[PDB]
Amino acid sequence: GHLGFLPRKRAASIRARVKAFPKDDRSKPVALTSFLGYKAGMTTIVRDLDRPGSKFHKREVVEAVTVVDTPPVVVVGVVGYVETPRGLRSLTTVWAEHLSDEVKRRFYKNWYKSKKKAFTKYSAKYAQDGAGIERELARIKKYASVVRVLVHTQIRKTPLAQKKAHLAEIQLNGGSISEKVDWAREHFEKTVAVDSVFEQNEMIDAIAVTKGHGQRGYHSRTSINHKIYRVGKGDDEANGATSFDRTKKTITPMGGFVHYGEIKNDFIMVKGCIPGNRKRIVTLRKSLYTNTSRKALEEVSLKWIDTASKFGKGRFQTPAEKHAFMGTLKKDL
RNA sequence: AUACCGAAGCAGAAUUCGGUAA
RNA sequence: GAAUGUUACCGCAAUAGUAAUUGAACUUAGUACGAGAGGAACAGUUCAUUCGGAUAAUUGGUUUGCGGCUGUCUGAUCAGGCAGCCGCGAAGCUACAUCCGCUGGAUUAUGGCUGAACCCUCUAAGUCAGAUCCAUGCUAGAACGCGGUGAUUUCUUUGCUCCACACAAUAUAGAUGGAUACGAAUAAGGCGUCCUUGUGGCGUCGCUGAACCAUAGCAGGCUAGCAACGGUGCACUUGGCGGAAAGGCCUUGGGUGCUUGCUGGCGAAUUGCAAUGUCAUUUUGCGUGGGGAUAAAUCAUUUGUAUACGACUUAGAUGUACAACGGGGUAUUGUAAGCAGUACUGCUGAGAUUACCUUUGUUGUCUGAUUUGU
């Protein structure tokens with residue numbers, strides 16, 4: 001057994017705690033250092049191997065790729081940090097004036113029984129000329145060194161019975177922390193898309209809690225060197241609008257995703273599998289730095305995508321395939 | 001446990017020796 | 001899972017566990033070498049084996065649900081009620097399935113530079129290249145670590161909280177004028193000045209704080225006069241600085257006492273020759289007035305990512321919120337009940353189930369007990 005991955009004690013929460021960020025680039029424009037989303041099932045994808053010298057070089061090759069259910073990231077605040085001899089410390093936290101019901105639920109377990117006195121008087125302080133809630137920005141500018149944005153996911157968009165919001169801190173790539181806080185404030189209550197941070201062929205890393213076998217499993221894990229193959233937009237239609245297979249369909253498997261994960265929002269395709277099963281929230285990061293190897297730098301296309309259901313063994317790809325061979329079906333037509 | 005140095009009439013391949021190190 | 005404020009969310013990390021590993025192919029190659037066969041090599045690329053984490057794209061040992069097969073039989077073909085067998089296949093157990101498994105410093109052995117010991121010297125003063133130690137990363141989080149943040153019982157007869165005054169208990173790891181702020185060197189640094197502004201010139205300081213600020217009044221009162229509007233106890237007000245443990249530093253203007261800077265008038269006694277002769281706050285308790293806000297958690301209900309049992313993850317006090325359904329998709333089966341007679345033929349790839357998604361219309365529910373609170 002691995003010595004580093006011991007003891008095997010289970011994680012304390014579904015969300016995996018991120019404790020490392022890709023340094024701090026003082027020259028890059030302001031951008032998010034990571035992304036948050038939810039994990040769906042898995043599928044299959046094939047692409048052309050442009051890698052030189054490979055056995056399957058310049059040939060179509062099948063690769064296993066998972067699908068991450070990514071809801072839009074709506075900013076709710078930002079957190080500043082200051083260097084100290086006792087380690088990094090969060091000097092001040094601020095919020096985006098207004099908070100959705102899902103965000104308020106995160107602070108409540110018996111939400112229905114509670115009088116729902118969530119963020120309210122704080123908004124009353126904001127409901128004026130600003131003063132303290134505006135001087136906090138100046139205080140952050142004066143002393144802060146690294147600023148982490150505070151965002152939550154649109155859980156109600158995800159097909160999850162649990163409507164409680166999930167929130168985590170994300171560091172800002174850009175320098176000039178004044179610009180960091182200015183951009184964060186301007187983005188208060190705004191919605192951020194995947195294209196604003198990640199991009200196709202980027203070697204992102206995945207971190208999440210492992211599957212529980214029902215103590216084996218249910219522990220946080222980090223997987224690095226995973227290449228994105230296509231930015232997905234499940235809000236629209238015809239997600240399979242690739243250059244090949246001009247018979248546009250949807251990435252959703254027949255009858256919906258197995259067990260759970262009926263995609264109804266943005267999604268992303270990532271090379272290989274991801275730790276943990278569906279219904280688990282997964283955070284994405286740029287993998288610190290980008291390797292210069294062809295396996296990490298080369299860009300890839302996409303073609304065949306499997307759509308047959310897995311509620312059994314799998315056969316039918318689309319409902320329109322059932323005709324001709326079955327003759328008459330008086331029960332239906 | 002593998003390799004890093006100096007030497008051999010060590011052309012190359014290849015081989016041996018003194019030190020580091022398990 | 002027990003305790004410091006109540007509860008909960010997002011964070012930091014003192015600390016500890018460390019992780020990768022070997023071979024193979026191209027191009028540098030038939031190149032340098034070399035009579036000759038034979039055959040280097042850095043760097044750039046492509047794969048798998050040893051080991052580790054994952055998930056099921058596929059595979060794999062792994063809902064009597066669909067077709068029919070035997071027996072006890074309803075009378076009788078339609079039914080298997082009871083005990084199972086041949087094809088398809090999940091649900092999980094669970095691997096013979098798949099991907100991935102990182103880049104920066106200081107060193108040493110070692111190769112040099114400057115340069116004495118005494119021409120030389122990689123070493124004595126230092127330094128460049130350079131594998132063992134630490135960093136990056138991953139895993140847990142002091143449950144005897146820390147920061148920020150959502151809210152602070154509308155009646156315990158202001159209940160909670162911060163303040164003003166106001167009486168007690170509680171004790172001190174131990175006041176009895178003042179922690180009375182640069183940096184850098186110790187084979188030199190300040191101070192005041194000059195400036196043709198520098199590693200500069202001039203005068204000079206240390207050799208201890210054995211000092212600096214203050215220190216006089218019944219333990220510190222009343223009052224009179226002189227010189228200035230300086231010093232200072234205290235309530236305000238304009239503004240700046242301090243985020244490392246900033247929680248302090250002040251700054252403008254008056255207001256109000258003292259002023260021992262100087263000169264006078266008042267009382268000190270009896271504690272009897274002394275008995276620390278009681279003056280600081282740390283915490284907590286009770287009595288009023290000046291304001292501020294009025295919430296949260298457990299069980300229940302349940303969920304299924306979780307699941308040996310705990311635990312964990314959820315939904316709900318009026319909106320497609322919770323949940324039933326048949327429908328729809330999904331998976332499965334290949335000729336079912338009968339009727340058309342030509343000794344199996346059209347309905348009939350049929351009906352069909354469907355613990356996965358789906359909940360479109362109807363329909364039912366939406367209200368309880370306990371606890372917390374500086």
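All of this is worked out from the model, or read from it or from the source named; these are not laboratory values. Cβ: placed from backbone, ideal geometry, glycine included. Neighbour counts: every protein chain shown.
General remarks:
- Near pairs, Cβ below 8 angstrom, 6+ apart or cross-chain, from segment A:160-178 (over 18 Å from A:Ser196 (Cβ atoms) and in the same structural domain as A:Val103 (by CATH)) to any residue that is of a type in the set (A, V, I, L, M, F, W, C) and in a loop (DSSP other than H, G, I, E, B): A:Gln162/A:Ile155; A:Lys163/A:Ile155; A:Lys164/A:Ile155; A:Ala165/A:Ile155; A:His166/A:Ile155; A:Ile177/A:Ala144
- Which listed residue, of A:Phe56, A:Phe21, is surrounded by fewer than 12 Cβ atoms within 10 Å (Cβ to Cβ), of a type outside the set (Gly, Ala, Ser) and closer than 25 Å to A:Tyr229 by Cα: A:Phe56
- Restricting segment A:83-104 to residues that are more than 6 Å from RNA strand C (Cβ to nearest atom) and part of a loop (DSSP other than H, G, I, E, B), the residue that is nearest to A:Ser145 (Cα to Cα): A:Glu83
- Subset of segment A:183-193 [surrounded by 15 or more Cβ atoms within 10 Å (Cβ to Cβ) and not in a loop (DSSP other than H, G, I, E, B)]: A:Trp183, A:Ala184, A:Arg185, A:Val192
- The condition of being more than 8 Å from RNA strand C (Cβ to nearest atom), outside the structural domain of A:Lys163 (by CATH), under 29 Å from A:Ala193 (Cα atoms) and under 22 Å from the mean Cα position of the chain (by Cα) holds for only one of A:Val76, A:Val67, that being A:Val67.
- Residue within segment A:199-212 that is more than 16 Å from RNA strand C (Cβ to nearest atom), assigned by CATH to the domain that holds A:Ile268 and surrounded by 14 or more Cβ atoms within 10 Å (Cβ to Cβ) present: yes
- Residue within segment A:67-75 that is under 30 Å from A:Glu189 (Cβ atoms) and acidic (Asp, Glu) present: yes
- Of all positions in segment A:317-325, none carries a residue that is under 25 Å from the mean Cα position of the chain (by Cα), outside the structural domain of A:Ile155 (by CATH) and within 9 Å of RNA strand C (Cβ to nearest atom).
- Residues located in segment A:47-103, provided they are more than 28 Å from A:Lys164 (Cβ to Cβ) and acidic (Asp, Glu): A:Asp48, A:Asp50, A:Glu60, A:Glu63, A:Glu83
- All positions within segment A:286-305 that are surrounded by 15 or more Cβ atoms within 10 Å (Cβ to Cβ) and either of a type in the set (A, V, I, L, M, F, W, C) or within 8 Å of RNA strand C (Cβ to nearest atom) (or both): A:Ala296, A:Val300, A:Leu302, A:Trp304, A:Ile305
Results for (1) among the aromatic types (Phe, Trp, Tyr); (2) in contact with a helix residue (DSSP H, G or I) (Cβ under 7 Å, 6 or more places away or on another chain); (3) in a strand (DSSP E or B); (4) within 16 Å of RNA strand C (Cβ to nearest atom), shown as yes or no for each residue.
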{"residue": "A:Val181", "(1), (2), (3), (4)": "no, yes, no, yes"}
{"residue": "A:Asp195", "(1), (2), (3), (4)": "no, no, no, no"}
{"residue": "A:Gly214", "(1), (2), (3), (4)": "no, no, no, yes"}
{"residue": "A:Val231", "(1), (2), (3), (4)": "no, yes, yes, no"}
{"residue": "A:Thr250", "(1), (2), (3), (4)": "no, no, no, yes"}
{"residue": "A:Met254", "(1), (2), (3), (4)": "no, no, no, yes"}
{"residue": "A:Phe257", "(1), (2), (3), (4)": "yes, no, no, yes"}
{"residue": "A:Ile268", "(1), (2), (3), (4)": "no, yes, yes, yes"}
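- Residues that are closer than 23 Å to A:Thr158 by Cβ and outside any strand (DSSP E or B), drawn from segment A:59-74: A:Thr70, A:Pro71, A:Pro72
- Count of segment A:14-37 residues, restricted to those that are more than 9 Å from RNA strand C (Cβ to nearest atom) and within 25 Å of A:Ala193 (Cβ to Cβ), is 13.
- Among the residues of segment A:293-324, those that are of a type in the set (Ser, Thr, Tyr) and under 21 Å from A:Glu199 (Cα atoms) comprise A:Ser293, A:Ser301.
- Among all positions in segment A:153-173, there is at least one residue which is within 15 Å of RNA strand C (Cβ to nearest atom), closer than 20 Å to A:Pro29 by Cα and part of a loop (DSSP other than H, G, I, E, B).
- Residues located in segment A:47-62, provided they are of a type in the set (D, E, K, R) and more than 7 Å from RNA strand C (Cβ to nearest atom): A:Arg47, A:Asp48, A:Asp50, A:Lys58, A:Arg59, A:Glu60
- Test: residue in segment A:123-142 that is of a type in the set (A, V, I, L, M), within 8 Å of RNA strand C (Cβ to nearest atom) and outside any loop (DSSP other than H, G, I, E, B): yes
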